[PDB]
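Quick heads-up: the structure tokens below are two forms of one chain, split into structure 1 and structure 2.
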Structure 1
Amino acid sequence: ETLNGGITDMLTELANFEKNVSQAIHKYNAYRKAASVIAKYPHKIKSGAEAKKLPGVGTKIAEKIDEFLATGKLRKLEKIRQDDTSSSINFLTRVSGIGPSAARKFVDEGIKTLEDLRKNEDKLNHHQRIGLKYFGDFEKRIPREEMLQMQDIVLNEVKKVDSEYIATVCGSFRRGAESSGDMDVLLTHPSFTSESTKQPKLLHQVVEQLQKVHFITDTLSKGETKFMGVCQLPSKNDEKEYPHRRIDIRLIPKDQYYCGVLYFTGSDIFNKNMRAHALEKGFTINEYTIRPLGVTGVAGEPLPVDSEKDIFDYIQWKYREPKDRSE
């Protein structure tokens, strides 16, 4: 956690670089199990050899460990960190919709900068066009103060459209968070569940309302169950307009809301921790359900959920407010 810090850190830097600039999935993967192991190791690593004793720790990495221990650096880390070509890729990728793949392709052609991206708007597809457009606003964190205004609205239309809709704003915000990155609205409805062969309009009606009123400004991707767009709070009585914010809404089989909600509410740890518990308690939690565990090794049979609670009780725990879903 701190003893192994620099090590793991350099390791991750390394791995990342392989998978990004290089299309070296393996080495990429190498650096990671290793970083993952030395991570757990309970004692100051003193040399490659020491480390080397470890699984996934070869000679290659081990050798880096040394240099890094010896000189507080690493040449290759220096070289890459400097590397233009590589610097470029690291960066373009920031654009929403620009993955590594495309990032290399752009670079190749010579799209190193943001402006490059501009002059070449044409080489860009819709996602990345919007990505490029809201580049500033995308990189910015969402004030609760604003989260509250947004939430407010969303809940209104949803209700206005059909009163049957159930909507929940998930994530960090859900969990008290002073700022969020983007808004996650989970969404279900009664006429939709496991069997009941869809009703795409279900998603549709709402996306349509939100747009209707000018909340949703753009569409990144919309499908029968997952809409992905851009939103913006009405820039009041001018001098102050709001930044374009990433938002996503998902359709959900009412019969799988809470688990789902349980899930996306986090935290990533409270989850795992929660998860590890239902295990002992003879269960199985996953983004959509909770199944009682059978001795034969494994088992099924999806237990009935009506609130975050039920899940809790099931695993016989203490209902934990979102506020405290911290870990």
Structure 2
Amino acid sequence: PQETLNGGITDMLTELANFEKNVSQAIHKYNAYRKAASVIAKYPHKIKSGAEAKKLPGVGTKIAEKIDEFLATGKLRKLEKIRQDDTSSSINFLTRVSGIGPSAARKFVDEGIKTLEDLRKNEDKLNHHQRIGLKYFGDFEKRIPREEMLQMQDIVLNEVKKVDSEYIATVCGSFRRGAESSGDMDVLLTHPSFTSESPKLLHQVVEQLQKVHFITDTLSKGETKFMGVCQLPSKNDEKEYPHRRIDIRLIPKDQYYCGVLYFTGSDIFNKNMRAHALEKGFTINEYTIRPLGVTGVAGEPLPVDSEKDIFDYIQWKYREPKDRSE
């Protein structure tokens, strides 16, 4: 399917999703609307009625009702009303700033702070994350083409290896799945001297990337997880590159390949792989693969030395990251 099919419907549910998350603070309704929007997006027919829709998993009576009103009128009275509501539309908007969630956004709107402009002139009321969110607002909503992503990886792999050539680093996410575009860059990191039963391995890497001016800002940083901002170097006499979000995780060697598997995704793959792994009598999380004893008692973590090792535990042939779409 393409947008033309049911796009009007999926954008409707998407709008509703966002209002529930950001304004109503109903994360479960947010996820329900998204489930609905997603499954309709894959459905290869121009839907004709709510009842047709209701046959799909995740679409219930309420969405089938909404689809009917939209089909017959071309709009939803609720969305129309919401869209015109200064308070709600402003609360929703502010959440686009990284670090401003629905609670901060409601607080800001409670006190008259409604726009980026109001944020700009109210710097003191923003934490560190939010200020970086604000500063990079437009940059953070841009996608990252694969070629820039390839250039970003070049930099990360070169500099990590310079710090210690025994580091293992893997750019995961959709990029590793061969996506043509990316939302950010997620880098998983491990070192032989770091296992489950075992200095500042992560700080040393972050610092090197800051030394060559690849990492430009820090959103959060501890011993195992770094979240921040990076930027490719502008070619001599040429427009700067956008600033990009990058996350760096330090994982123990023995849970590294579980981490790669998990953070490569995508979600559908993990959910199905975990599902099938349950049928086959193991449990897989982000960190481990544990077998289930006769009743339901998960034993200790199994030895994993590669992504394939975990496939080779649950009788699956190693699927490539290219086809871990579902």
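Just so we're on the same page, residue numbers count up from 1 along structure 1's sequence. Basically, rigid core = biggest C-alpha set you can superpose within 1.5 Å across the two forms.
Seen as two rigid parts moving between structure 1 and structure 2, does the chain keep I252 and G99 on one side?
Looking at the motion between structure 1 and structure 2, one finds that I252 and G99 are grouped in the same rigid part.
Could you check how many degrees the smaller rigid part rotates against the larger between structure 1 and structure 2?
Turning angle of the smaller piece versus the larger: 27 degrees.
When the rigid core is overlaid, by how much has the CA of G297 moved between structure 1 and structure 2, in Å to one decimal?
Rounded to one decimal, the shift is 2.3 Å.
State the core-superposed CA shift for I38 between structure 1 and structure 2, in Å to one decimal.
Its C-alpha moves by 13.0 Å once the cores are overlaid.
Report, to one decimal in Å, how far the Cα of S267 moves between structure 1 and structure 2 once the rigid core is superposed.
For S267, the C-alpha ends up 1.1 Å from its position in the other form.
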